[PDB]
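Next up is one chain by itself, shown in structure tokens, the form solved without this ligand.
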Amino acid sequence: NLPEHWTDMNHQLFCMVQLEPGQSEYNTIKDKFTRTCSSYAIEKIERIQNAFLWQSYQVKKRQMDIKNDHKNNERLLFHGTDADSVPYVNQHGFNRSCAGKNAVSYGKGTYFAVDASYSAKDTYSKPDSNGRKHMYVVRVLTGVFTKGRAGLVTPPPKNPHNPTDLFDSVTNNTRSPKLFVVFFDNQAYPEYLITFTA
């Protein structure tokens, strides 16, 4: 299942691949980022090759493509975090149990932003001892979503009389989504780690 443009990992389960500026792969991410963070400068963009996380994500993706039929279930979103979390996220991905309370809470889950500018805030992408900030670029199974609310520990039901048939995620605003919250393991794949500085 592992994508054919990945570096061969020598039967190994994980590695970070440093991208070259000039590559379309680095340049599209750099544009995605700079679209809203042109004040910051990119140190490097690493491709995250996590075999196990990839398989789990892809199983969850196929399931949601079957459940929802003809939907764009997948968005490419940003996640700022501190240096001390990068090793865990790289290995194990996004754990809602670890999530910070967001300044505007639309539920108890893992938050993803549309705009790099939002993830670029010191409150998420916290500067390390050397001034380095860290932002993931994340494939997120947003699926069918609704405006969330602070109490949510799972997405709400589409229909109150069928409690178990859930939305896939929640947003801050369904007509102009700037945030998405995700409540399940293996619903986000951390694809790139952007290291940047002022």
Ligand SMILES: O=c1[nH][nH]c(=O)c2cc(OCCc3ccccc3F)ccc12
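Counting begins at 1, following the sequence as shown.
In what follows, reference is made to the form solved in complex with this ligand, a form of this protein that is not presented.
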For this session: For the ligand-free chain shown, place this ligand by superposition of the C-alphas around its site using the coordinates in the deposited bound form, and mark the site blocked if 3 or more ligand atoms sit within 2.4 Å of backbone or C-beta atoms, otherwise open.
Result: blocked
Problem set entry | Touches this ligand in the deposited bound form: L76 (any heavy atom, 4.5 Å) | no
Exercise. Does this ligand get within 4.5 angstroms of any non-hydrogen atom of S105 in the deposited bound form?
Worked result: yes
For this session: Considering only heavy atoms, tell me if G93 and this ligand come within 4.5 Å of each other in the deposited bound form.
Result: no
Exercise. If you check in the deposited bound form, is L179 within 4.5 Å of this ligand, heavy atoms only?
Worked result: yes
Problem set entry | Within 4.5 Å of this ligand in the deposited bound form, all of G80, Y111 and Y124 (non-hydrogen atom) | yes
Exercise. Out of 117 to 141, which residues reach within 4.5 Å of this ligand in the deposited bound form, heavy atoms considered?
Worked result: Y118, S119, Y124
